[PDB]
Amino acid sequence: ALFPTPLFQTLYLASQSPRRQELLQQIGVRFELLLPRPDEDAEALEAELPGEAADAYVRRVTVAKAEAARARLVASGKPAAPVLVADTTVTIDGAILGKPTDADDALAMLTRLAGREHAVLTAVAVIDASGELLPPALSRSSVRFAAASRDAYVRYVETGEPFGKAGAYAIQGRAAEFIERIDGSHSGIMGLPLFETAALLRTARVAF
């Protein structure tokens, strides 16, 4: 691993996520948010295709996010620097789990995860300062939930933590009470795998 001398003090972060922001701060990366303009439909890039495996999906979506972020940068007229994006999916038996629509949905997702392993996959992509897409990296992790009990899961849902979370849980919150083990990358599970992200940032000559 040969790290060339850095040329860029600041990275453009094309992410609204507080977790991804926190994880960049954890490795000492300075960043400027570069968020989708009012006229951009950022949600459209995240639609799945049919029969598409989860690893294929998250990679594809991450590449599109990267391309949209770079086009955003060109149109802003702001000075050239690398741009970063990422995407995360939570799956069990190949099925993608989204955010619960209500308490009963949250309960049903958690009872599905309970007593089993599931996979959390995060892809990260960086477009360098000259506009070249670097190879996206995929972080694969598994997460084991205790069987616990229905009442234990109801009690968790009643805290409200499941809402807005893919798979009805957050690893960095109260759900840690049910997580027996993980295998892979805790930062990856949270939405930005730091080993692979650091590597892309050294390649893109970002100082940290």
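Numbering starts at 1 and runs along the sequence shown.
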Higher avg CA temperature factor (143 to 151 vs 43 to 51, as deposited) belongs to 43 to 51
Between 86 to 94 and 73 to 81, the record assigns the higher mean Cα B factor to 73 to 81
The largest CA temperature factor among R59, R181, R30, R37 is found at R37
Among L133, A108, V124, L121, highest Cα B-factor in the entry goes to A108
On the chain's distribution of Cα B-factors, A103 falls within the third called highest
Among the modelled residues of its chain, the C-alpha B-factor of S187 falls in the third labelled lowest
On the chain's distribution of Cα B-factors, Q9 falls within the third called highest
Entry-reported C-alpha B-factor of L201 relative to its chain, by third, is lowest
